Structures are given as structure tokens and as C-alpha cells.
Amino acid sequence: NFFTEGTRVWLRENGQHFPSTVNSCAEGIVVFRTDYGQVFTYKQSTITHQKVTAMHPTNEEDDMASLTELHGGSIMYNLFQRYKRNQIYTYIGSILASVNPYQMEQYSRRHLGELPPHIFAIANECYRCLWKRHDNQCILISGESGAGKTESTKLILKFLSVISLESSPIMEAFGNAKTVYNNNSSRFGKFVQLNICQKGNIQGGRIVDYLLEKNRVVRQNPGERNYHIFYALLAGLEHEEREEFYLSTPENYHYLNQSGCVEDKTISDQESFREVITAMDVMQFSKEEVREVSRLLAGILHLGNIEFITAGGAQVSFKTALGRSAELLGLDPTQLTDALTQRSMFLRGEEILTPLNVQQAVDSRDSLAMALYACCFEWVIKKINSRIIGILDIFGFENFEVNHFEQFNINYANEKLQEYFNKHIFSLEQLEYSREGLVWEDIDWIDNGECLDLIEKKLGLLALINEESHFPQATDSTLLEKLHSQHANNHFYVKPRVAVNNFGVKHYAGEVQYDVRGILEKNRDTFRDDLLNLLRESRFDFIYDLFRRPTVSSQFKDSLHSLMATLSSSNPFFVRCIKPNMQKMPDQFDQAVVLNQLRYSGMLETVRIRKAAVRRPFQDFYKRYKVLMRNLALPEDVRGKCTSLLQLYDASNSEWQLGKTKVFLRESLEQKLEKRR
Amino acid sequence: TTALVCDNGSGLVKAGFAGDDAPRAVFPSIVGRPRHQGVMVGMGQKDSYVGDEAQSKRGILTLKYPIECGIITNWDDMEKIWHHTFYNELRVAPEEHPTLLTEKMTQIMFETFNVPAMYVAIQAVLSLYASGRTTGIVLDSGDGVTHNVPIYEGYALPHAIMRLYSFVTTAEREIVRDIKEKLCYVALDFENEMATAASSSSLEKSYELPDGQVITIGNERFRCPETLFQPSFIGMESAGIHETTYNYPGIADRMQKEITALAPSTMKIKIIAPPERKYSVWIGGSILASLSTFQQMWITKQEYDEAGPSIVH
Amino acid sequence: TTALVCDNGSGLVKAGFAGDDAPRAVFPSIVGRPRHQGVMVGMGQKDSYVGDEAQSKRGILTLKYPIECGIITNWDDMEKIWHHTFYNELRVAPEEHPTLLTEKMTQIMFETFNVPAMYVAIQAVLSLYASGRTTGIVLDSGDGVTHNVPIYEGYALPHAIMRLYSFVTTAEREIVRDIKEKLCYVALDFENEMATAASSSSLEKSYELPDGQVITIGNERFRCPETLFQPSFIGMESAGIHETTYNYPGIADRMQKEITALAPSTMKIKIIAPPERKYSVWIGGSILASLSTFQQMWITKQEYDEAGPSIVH
Amino acid sequence: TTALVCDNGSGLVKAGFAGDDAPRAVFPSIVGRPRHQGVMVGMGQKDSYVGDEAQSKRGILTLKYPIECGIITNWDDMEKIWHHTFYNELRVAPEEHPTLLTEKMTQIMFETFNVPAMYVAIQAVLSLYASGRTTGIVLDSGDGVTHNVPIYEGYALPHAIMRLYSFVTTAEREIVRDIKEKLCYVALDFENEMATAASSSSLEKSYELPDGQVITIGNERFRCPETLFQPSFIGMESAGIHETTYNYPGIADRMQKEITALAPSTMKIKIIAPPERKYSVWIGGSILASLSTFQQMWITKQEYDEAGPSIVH
């Protein structure tokens, strides 16, 4: 394991392989200098036989899968060099990795592989396969917002338009929100079906939306905001309309203040308003309908200020919040105040009014707010679709220090998407081995069905959550214990030793720890029918135009299943967008951020699966292992020379094979040969 | 493909699928044969009307309740209730679901209707699942068997429960029940109220009876329900629900003033009783069979060829 | 990275890191299984409540003390005490520290919890480190084993130590203990006090019981604790603490007057006992493992590979 | 001039003079008031029937036991038991003798009936005087308090004793007791006996009830008494007589096989229990007051003017 001064090596330190150079090797001490500027010193005796792997035909300068040692450090280094000191691309098998940085004819008609990686190459393959297979295509653009997903969508669409955006401000206003880790994060999946006629010319588009984070409408964690649109509305409305809807600053609203977001600057919120209003005009929303959208949002804001007094059961005792809400929605004050505090049932055939408690009233109020928002959101999408190869803009795995119900849903969605991806790749692999390579049988390895089951199957995490929610004395604490009682004896499911982080799920890309706190309340979503009937009865025409125990988690499950049906009925193409640095710096590659991004987008695990595996050109193999052939009577041809050595290790010819240009061998055989070399 | 929660009381039988509101179908649970000879062709007339039509055509029948004080009288009529209900009402197949009952039944319905599983939850316990509390003593009294079950969180104490104008014709008795419905109220202080009741001031409200007759009842209007406490009036010695708990627009604060006198001092006693209470039990069952995970505490058919009549408990 | 002084008594188990005040966590040290069958889904209900919840939900359990009169009964409950405590309470890793215990334990805790070292100091000795005296005879009496260890400066004499309304239900016994708490006092001259106790003037204080009941105990209120001296009342021959020393708001001048009668004359006897005594032992332990230098009188892991079950003493 | 040994149990009160056989008079010890209004002149009807007539005329009464689980409920009824017994039964004057009672009583009986002396011996101890042994642990269990008192020769250890079809109406309960009498037997190996109990072969004997009704009880016939051990069935935590001893045609080899499994090995355990046992205690008392010499451990008239309410113990 000794390497001379200047040798290029991989150093497996702290759990990651570092691209390094041997700085010095004297007095039994070895010093390594990494390409990231770190200096590591060791006793030469402690440097074990790999451990330190030498840079096999280095390639210090289009597809990551072509790397022989296919691990984290290699992926990070290769993406880095291409991005910083080489033209940006890059492929990871079928996946197109796109790294954000500094702000058609040639691709048209070409094959996927003949051209340098580019969003156009993916767009072309999709256009291609669409006509060839007579089959709908999906281009799944994953990664966190800001990573460059809208640019990828823009150019895929620009491309399809050629060879054959105005709504963005709208969708961001209602679908995006500032989280702790991202100022403008999409909290829903957007699928823009680019429609083509019989002659493959673009005729229009149809937006479908999934996975809307309903919980955010009524709850925000510290340093997070509700959907952008609320802040945009409050910052952008003119004095006259603001006064008409009884609106003041965001601090005055329970649905906007509870988080503790410092923010200070409206300015961007005011710009976002201008942008939304312009987009809605393009989208053919009438002045009247826009004002109705804002009246409904303002209604949601005032609704959330409604306070209940625990008279025992409860009652509304306040001149406002409710008065303004009833005025905006055009519903009777007493009829609304009554239904906010009571539940209706009819029995053969008389009405039975039962009082609600304050906690039930609050939950019902929130469910109403979420219901109104979700339907308003759907109404707006209907309008966009009316005005106007599906491009899915979806988030990757989301992992903060403190993970709740929101992240759990996101990661659940990613497990489902990853299953589709894995099955797709495994299918492409069988086909490549059939037509590409002769072989008797093929087996697929890496099913994440178990993780998906742990999440969505009966007695799963979400199911138990629904269960606990319908029990009157249920709590996050008892739900935690039900999780442990049900799963601690199985799964991908772990519990923190000191009950600080709460349950952990071994997801596809990594273990995530979720805190149980808030899961029950966020999951509750039982809207009261009588409250909705009151709303249905009033009109400025928009409000009514919205036409056991329902929970957010179950609705998320349903929406996710709807999304997968839409995707599964197409042929998927994958683009992973990563944010290379946290400061919007032009062509700047922060290794810490990049590593996190690549992992979150499933790339690193996809690489590990692909790596599962060793191959070298005949001469490369012969030149590396020539030492091991000293005592053999070798033939004149290189293929024969490789065979001579390999036959000693496995005469059955099963642990190795000779291809057209390369020697293929199992990891175990390579490990055996290397140790001996 | 749904599952069905069906509660048999001496009611007013209630039926409706696994959630989410109230029974789809409610009716008085009676079979009545025609006590006379019929002569208007067809032959037309049914051998026996079940509810609800048997509650629409009184006077030409002899009402016979299939159950009576908890134990049912005979499954010959009960089965007919069932078959009639499942087949010609809810329009539900027999193999649709595993069913859930409250309390020969299990077996007869098992061989006839072939519901591939079974589970029987007690009528009292379910009454907690209404407002979704975990603790409490449940006082469930319906025609014609009441019960008093104390449950702690979350296990349940089993042994601490103690279970207690001419209108001659059977059919006509139904009308009496209706005069029980509207024209009723439990006093707060019976003994002092009885004196002033004699005063000319009408504490009497006049109800009108399905024919022509107008009947004016007072006094006894509040006396009759009072029987629930002080059940000497019937000639039964077992003391009132009042005392059995410790051991109508009147309740619960009647129950309150009665208890606080019998209960120990310095103890706060909420007597919480919802509106909508008539369906409380059912709102229980829906919550139950829809909930994970006690589905695996059922008894399906494969497990009924081994033990059969046993294992149910 | 801290070290933890954890004392197992028949308490009231006490736990808190290497100083400097009092145990972070104190609880009655009981496991109790539910004597009934549970039916409120989830499965929800725990197999057994450890403290403290097993002291909040009495009556639905059968309290079983894991230790009893010094020797513990079974480590099946004991280990569960431990695991529950370290993992879901103090939020401390098992490899965090070398530990300090007072008196199968050492070993089970060694293989399960893997605290890389160990040391067990006797419970009497630690009680001197409170007020930081070096000399004296220590009378340490807690549920359910007392001891009398005489220590001089600074060595310790080994051989001079001598070691001594219906309330049927197990759970309810806890309530008795509480009436032991507040309603108690040791007389100064019992035999003469008993006469005047019969006088009508109430030396009785009326305590109120968790349900409604109001209980009025007198006389015996001071009789019961008096059992501590003159334990003929129990039917045990070993003479009272009174005599075992030489050989409650009552003490120490009870103890005083009593000893001075048995003790030799012309000897001054301070009977100094702090306030805050309930945590005395613990304030001892904290001082010890934090102090230099007896860290090297420990038994770490490498030295448990040689001898094992021995060497602990 | 004779002396009378009279034992009050929750029986079955027994009375008969100072020897030599069995009580002259035995009756179920109940008073029962008529729950209805009487209308047959005289006035004819008694204000309340005491036994035995109150056991001949059930159903027209509400039976009320004057004593209940050891402590009596009220001396208003008890005194009537007494007066009725002494005056209209045994034909005995009140000043006839100094009396002997087993266990407000002593005093009321002293001022009303003026028996010039008194002495009260505990109910357990007397059970040794039957077959006239001096040693042994006595398990004396009658409705409604059992006790376990161990006595050596001849002093007695005080502290080693541990003290543990619709049939709604009270009167009818008597009949239940009678079906307990004849139709009962304790198994030898219960848990295994239940399996074969399910076999069709009737371990059921059919008893006939005072009216027409014929009642056929099986299984539970041997289950009910078995409750004596394993009293979880009742919902009481205190373990069975089985364990309380160490700590019906069934016993004693049930008791035997049970103890030998719990008892230490290599120990011979005779479980001698006489026939005629129902009067054992009484055959005790007779021997006592007739025997020299404890007559001078009595409390007479002169010695009740000094101390009174005390001194009885």
C-alpha cells in the first residue's frame, strides 16, 4: 500500500474517498494533500492494502457510469472538473445531471449518446420515443427549487416547439413557500402535459398538480411562511382593496405569524404580486375573478383569526374576524358562527345539533381553511389549463435537522418515484443484456417496496397516524409508541436511543429521523359539511364555484397514487438538478453542498447500485496484472494472456468473462487479484 | 366491498356501512302476522310484514318482538328480520363483507348468509367511541335492557357492572310509546313538585291521537318517567339507576342533584351527555371496524371449521 | 461524557450526573402489570407501566416491587427498570461513563449496558459525605432495610454493624404510605401520652382520601410509627432501634431521651441530622466519583476479562 | 341458672346453654320488612319478621342482613334479633347468666339485657376446642368473613393472621344459596378438568326450584366454588386461600395437592377436618364457660361502673 511522492490516490477518510496527492513519504510517515486543500498525516504502517486505492487510469477531465471505481468521491470529482474546468453536462446512465451556476438544430435528429449531455438530448429522446413507440413521455425534473428546474422545463419546451412560463408567477404564488432551507420552494408536484397533435406539432398544454402541502395553509414552523400568495396579496394590493377586505400586515394573521419569520422585506412579495397579476391577465382571468380569488384568500386569513371561547363546547364572542369573513364570503354571521361551534346530523328525519369542543372547533376551522384553499388552488389550475410529453417538476428527498410530517410526505413521494425509476432502469438493463450481452438469466436487485409498505400499507406509519387521529385521547406520544410496538421488531424502522429525534426510516438515499410532534394535528383534516353548506349558499360567483375521517396523509397517499398512475402510463426520462452552492455564485462548486444535493436526488445510491461490476480493456488488465503471469506459459494474443490468469482463479469461467474490448470480473475476484498484486 | 356495522337493539334496529355518519336504514324491528282472514285476491297479502310497513299497518296485526329483555325469543323471526334487511333493503351481497355485531345468531347467520368472518363487540363499550373519550362509566339504557359499565384507560373493569283511556291491544301500545316521546319530562324535586302539580295551573299538555280522539295528560306525565329512580312503583325492589350508578329533558341534572346527595362530598361530577345520543352506539361501530388494526381479532371461516360454536369468546 | 451516580433503594430510585445538587430524576421504582384485559385498540396499552406512570395509574395494575427487603426478587423487572431509565429518561448513552452503584446486577448491566467500568460503594458510608463529617455512627433507615454502621476517622469497623378502613388492594397500599407521610409524629413519652390521648381533645387530624372519602385517624397516628422502638407490636424479637444503636417530627429528642436512659452517664450526645436528608446519600455519591483519586480503584472492561464474577469486592 | 354460649355469625345465629351438644336454636339471622301495603285487619301483619319466619315468607319482604362482612351495619336491627331471641324463644330470663360472645354490642346488651357479666372470645380460637387439639393453624371461613389464625401450644401468634336464569331480587337470592348447598363440588385438577367437562357426558345435575321451574346447571357447578382459590374471577387482587394459608366435597385433597406444590418438599401435611363441622365453634364455647377457671377473667357489673367502654379488651 506504499505510494511514492506525487502519486494520485483516493484516500478513504471520515467516510468519504478524497482525490489526493502523496505530499511526502519519509521516516515511516505519509502525508496526503487533497484537491479540496486538506492535509492528512498517517503512520505508513496504518495504511492498509486498499483503504488507499490508486487512481486507476485517472481521466483528470460525459457519463459517470464509465468510471471504473464508481463511488462518491469519483462522482463528486468528475462533476466538479467538468463543471469548473470543463463544459458542463453530464449523464449518469440514463439520468441527466444538471448543475446550476452562473445565469436545437444540432441535437435534432441525433441519437442519445452521440451528442454531449444536454437537456435537448433528453427532450429529443422524448420526442423521438413518443413517435417511435406511439406512447406518452414524462420528463421528471427532480431536485429542490432553485436548482435550475424551471430552466430545464423552459428549454425542454422551447426544444419541442422548435423541432416540431406566464403561469409560473401564479403557481409559485399558490404552490411555493419559504422554508428554512429555501426561499421559494414548491410544496407540490406540477405536471405540464405538452400536447401534440397527430403530426407531432405542439397544440397546447395541460397542468396537473399533486401532493399539495395542505398543512402549510394553517401551520408554519419557525422561519417558514405560508404560500407566497398570502404575503404577495398583503404587499401588493392597493390601499382601497386592502381596506375593502379588512387586511393589514402579515404579523396580524395567525396563519402567517405563528412561525416567527423575521423576513422584514415585503419588496420581493410586492414584485411577486405584479408578476402574478400580469400572468393572470395573460391566463384570461377576468378582473372580477382575480378580485374573487383575493377575496377568498382574504377570507381564509380572517377565518383563521376567528377565536373560540370554551363556554363548554364553544362559542364565538368577537365583533370581528368572523364579521369580516362573513362579509367577504357573503354568508350570514349567525349561521356561520353557529356551524363553527356545532355539528349537524339528520335522523329519520330530524336535525340533531351537537356542540363541538374548542379543540374540535379549531380543527374544523383549519380543515375548512385548507379545504377552501385546496379548491381555490384547483380552480386557479382549471383557469390556467383553460387558457393554454409531461414535464414533472418534483422535489427530491427533503431532510432538515428537524423533520416533520411535511418532509415525511415528500420523502414518501420520493420512495414511490424511485420505485418507478428502479424498475425502469432494471428493464433497460435486461434489454441491454439481451440485445447488448449474451446471458442465460438476469436478476434485479434493489426493491424499495418494503420501505413503501412501512409507509403506506395497513399498520404502516401513515395508517397508524390515521388511527391515532380518530381516537379522542390520541396524541403524538401514543402514536410514537404504536410505531415502536408495531415496527421496532421489523424494518428499515429505527428508534433514537434517547427519544430526542423520534422515529427513523431507512429511505432509499439515507436514514431520516422524524419528530412525532405535530404529526397528529397536521394529519387531521375533517371538514364539517354544514360549514361548507353555508359557504355554498353565498355568492360573488366564485365561492360556490368549488363543486368518515379524511386526513392529509391519506389525501397525500391518494394524490401520490394518482401521480404514479399518470407517470406509469408513460415512458419516464430523468433530469436531476443540483444546486452547487448556497450563494447563487456563478460556476462555483461547493463540495459539501454538491454531495448533499447528489444524495437527495438519489444519484449516489443509483451509482452504488450500478457499481454492484469490474471491467478493464484487455491490455489494461494485462498491464496491471502482468506480475501475476510471471510463472505462466502465455499465448501471443492479449485475450489469451487474460484467460491464462483468470482460469487459475476460476476455471468454470463464471466469475469473469471476456467481452468485445474488456475483461469483466466480479468485485470478489478483483479484490482477490488486487490483494495478490 | 365495504364492511357493515349492524346493531341489534330492542329498537329501532340500526344498519349502515363502515362509516361515516349514521345508519343508512333505521326501523322499529317488528314482525307482525295478520290476526284476521284476508279476502282481496292475489292472494296478494304477505304472510307477515316486517318493519317498517308493519309499523305502518298496525291494527290489522299482532306485533311480536323478535327479542325481549336482552335474550331473543326465537331465531325463526330474527333470521327473517336479517334476510329481509340484507336482501331487499341495503341491496348488499352476503359475501360483500366481514360483519360486526353487538349484544345461535353467529352460527345461523354464518351458515345462511356466509359472511366470511365475524366479531362481536359489547354495546356498552362502543358508547365511549362516540365523543372519543378513553375513560368513564357508561350508563346505556335502551328498551329493553340497561347496563352500567365502568372503564378505565384503557382496560375495562368487568365485575363492577350491575344490569337491571283503555289501551289493551298489543298494536295500540305503539301509540303509548309516542305519548311517551313528546309529552314527557323528569322533575327535579318530585316530592315538592307533586304538591304544586295539584294546583290548577296546567302542567298538562294535550296530545291528539291518530284517530279523532284528543287526550289530555298531565301530572302522571312527569310521574311515569320518574319510575326510573324509585322503581317501587312497578313492584321491583332493586333500587333505582340513581343508586345503581354509585353502587328525557329531566336528566342529567336530576341525576346530578340525586348523586351529589349520595356521592361523597367535595367531588366534581360532570354528567356529560351529547346531543345525537340515539345513534351513539352506531357512531362507535363505524369508528371501530374502519380503524386499524383489530381486523386480526376477527373469526373467519377457516377458523370456524376447527372449534365452531366455541372460540367466539 | 459525564459520569452518573445512580442509587437503587426500595425508593424512590435516584439518578443524576456526577454532581452537583440532587438527583435529576426520582420515581417510586415500581413495575405493575394490568390485572385486566384491555380493549381500546392500538394495541395502545403497555405490557407494564414502570414508574412514574405506574404510580399515576394505580388500581388498574398489580404493583410488584422489583426489590424487597434488600435482596431483589428478580432481575426480569429490575433490568427493565434500568433499560427504561437509561434509554427513555436521562437521555444518556450506555458508553457515556464509568458508573457508581450502591447496595447478577453488575454483570447483567455489564453485558447489556456496557458501561466500560464499575464501582459499588456501600450505602451507609456515603451518608457521611453529606455534611462532610469523617467520624460517627450512621443510622441509615429507608424502606425496607435499615443499617447501623460505625465509622471512625477514617477506617471503618466492619463487625460492629447490626442490620434490622379496609385497605386490601395492592395499589391502595400506596395511599396508606401517604397517610404515613403527613399524618404522623413520634411522641416523647408514649406510655404516659397514651392516657391523655384518650382525653377528648383531638390529637387527631382528618386527612382526605383520593376519592370522596374523609378519613379521621387519631391516637394510632402516633402509635404506629412508635413501633420503630419496642417492636414487640410486630411480633419480632429483635429489640428496637433504641437498643440497636447503643448495642418524622418526633426524633431526635425521642431518640435522645431514650438513649440517655440506656447510655452511660456524663456523656454529651448531639444527634445531628440535617434537613434535606432524603437526598443525603446521593449528595454523598456525587462528591465521591467526582473527587480525585479513587478512579483507579475501579474495575474497567479489560479487568473483567480476567476474573469476571469475582473481583467486584 | 344456666349460662348461655351464643355465637353471632353472619349465619345462622346459634344459641344453646353451657353445653353439652349443639345450639338449642338455629336460624338464618335476618330481618325483613314488607315491601308492600297490607290490607287484612288485626292489624295482623307484623312490623318486621325476624328469622325464622322471615325465611318462611320470602318474596313479601326485603331481606336485610343486620350484619355484613364482619362489622354489623346497625344495632337497631341487631338489638331486635337479640330481644326477640332471648324473650320469645329460649324462654330464658336476662339475669339468668353471665354470657359468652364471639367476634356498642357489649354496652347495649349490658344496659338493656343486664346480663351481670360478660366475656368475648374470638371465633377462630374456639374451633380448636372441637376435637380438642392444642396446636394448629385454623382456617375458619363462614359467610362472610374468613380468617387464618395460627396457634401453638398454648400461646397464640397474633400477627401471623391474614383476613380475606334471572335472579335479581334479594329474597330469591336465598334460593341461589340452596343450589350452592347440594349441587356443588370442587375439582382436583381444574384446568384439565374443564376440557373433558365440555364432553357431552353430563357432569350436570338438575335441581328443581320451589315453583314449577326445573333448573339444570353443569360446568359452572364446579367452577363457582373453585373461585375460593384463584379469586381473579371476582376482580380482587388478594391471592386465594391456597396461598394465604401458606403465607364442599372437594377439599381437602384439593387443598392438599395445592399446598404440596407450594409448600416446601419432604413435609407431611394432614388436613384434618371433622364431619359435623358446622357446629364446631359452638361445641367449643360450651366447653369453655363450663370449664374452670377463666370465670374470673370476666367483666361483671361492679367492674363496668369504673371503666365502662374500655377494659373490654
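Residues numbered from 1 in each chain as written, not as in the entry; some residues may be left out. Chains lettered and ligands numbered in written order. Heavy atoms only, no water. Residues with missing side-chain atoms left out of burial classes, pairs and counts.

Listed as the method for this PDB entry is cryo-EM; the listed resolution is 9.1 Å.

J.: Got a minute to help me understand the overall build of chain A in this structure?
T.: Across its full length, chain A holds 24 helices and 24 strands. In terms of its C-alpha atoms, chain A occupies a principal-axis envelope of roughly 100 × 60 × 50 Å. (Helix = DSSP H or I, 4+ residues; strand = E, 2+ residues; numbered from the N terminus.)

J.: Please explain the overall build of chain B as it appears in this structure.
T.: Of regular secondary structure, chain B possesses 8 helices and 11 strands. Along the longest, intermediate and shortest principal axes, the C-alpha atoms of chain B span 65 × 65 × 35 Å.

J.: Any chance you could explain the pairing of strand β9 (residues 136–142) of chain C here in plain terms?
T.: Consecutive side chains along a regular strand alternate between the two faces of the sheet. All names here are of chain C. Inspection of the sheet shows β9 paired to strand β10 (residues 145–151) by 7 bridges, in the antiparallel sense. Opposite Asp-140, over in β10, you have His-147 as the bridge partner. In textbook terms, the turn of a hairpin is the stretch between consecutive antiparallel strands, and for β9 and β10 this stretch comprises 2 residues. (Pairing = 2+ DSSP bridges.)

J.: Which parts of the structure should I look at to understand the domain arrangement of chain A?
T.: By a widespread convention, an interface's size corresponds to the accessible area lost as its parts come together. Once the domains are mapped, chain A shows domain 1 (1–55), domain 2 (297–374 + 527–547), domain 3 (405–514) and domain 4 (614–676). The distance between the C-alpha centroids of domain 2 of chain A and domain 4 of chain A comes to 77 Å. (Domains from an automatic or database assignment.)

J.: Hey, could you run me through the interface of chain B and chain C in this one?
T.: At the junction of the two partners, chain B supplies 4 residues and chain C supplies 4 residues. Its residues placed into classes, the side of chain B that touches chain C shows 2 nonpolar, 2 polar and no charged. (Contact = heavy atoms within 4.5 Å. Nonpolar A, V, L, I, M, F, W, Y, C, P; charged D, E, K, R; others polar.)

J.: Just checking my understanding: could you explain the sheet that holds strand β1 (residues 8–13) of chain A for this structure?
T.: Note: strands within a sheet are paired through backbone hydrogen bonds, in either parallel or antiparallel orientation. Residues and elements named next belong to chain A. With antiparallel pairing, 5 strands are arranged side by side in an open sheet as β4-β3-β2-β1-β5. Two strands close off the open sheet at either side, each with one partner strand: β4 (39–43) and β5 (53–54). In terms of strand pairing, strand β2 (residues 16–26) meets strand β3 (residues 29–34) through 6 bridges, oriented antiparallel. Bridged to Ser-20 within β3 is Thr-34.

J.: Help me understand the sheet that holds strand β23 (residues 656–658) of chain A, please; the structure alone is not making it clear to me.
T.: Residue and element names in this part refer to chain A. One open sheet accounts for 3 strands, arranged β22-β24-β23; its pairing is antiparallel. The open sheet is flanked by β22 (614–617) and β23, the only strands paired with a single partner. The mean inter-strand angle of the sheet, taken between neighbouring strand axes irrespective of direction, is 15°. With 3 bridges joining them, β23 and strand β24 (residues 662–665) adopt antiparallel strand pairing. The residue of β24 that forms the bridge with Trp-656 is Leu-665. Here helix α22 (residues 618–625) sits on the sheet and contacts β22 and β24; the angle it forms with β22, its principal contact strand, is near 100°. (Axes fitted to C-alpha atoms, helices over the stretch in contact; angles between N-to-C directions.)

J.: Can you walk me through unusual backbone geometry in this structure?
T.: Peptide bonds are, in most cases, trans, and in most cases residues other than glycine have a negative phi. For the bond from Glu-153 of chain C to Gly-154 of chain C, the omega torsion is -5°, close enough to zero to count as cis. Inspection of the secondary structure assignment puts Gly-154 of chain C in the loop between β10 and α4 (173–181). A positive phi angle, close to 70°, is found at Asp-264 of chain A, a residue other than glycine. Mapped onto the secondary structure, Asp-264 of chain A falls in the loop between α7 (254–257) and α8 (268–282).

J.: Looking at this structure, I do not really get the arrangement of the chains. What am I missing?
T.: Separated in space, chain A and chain D share no contact, their closest pair of C-alpha atoms being 26 Å apart. Chain D makes no contact with chain C, the minimum C-alpha separation between the two being 6 Å.

J.: Looking at this structure, I do not really get the domain arrangement of chain B. What am I missing?
T.: What the domain assignment lists for chain B is domain 1 (4–124 + 277–304) and domain 2 (179–271). Once you take the C-alpha centre of each, domain 1 of chain B and domain 2 of chain B turn out to be 33 Å apart.

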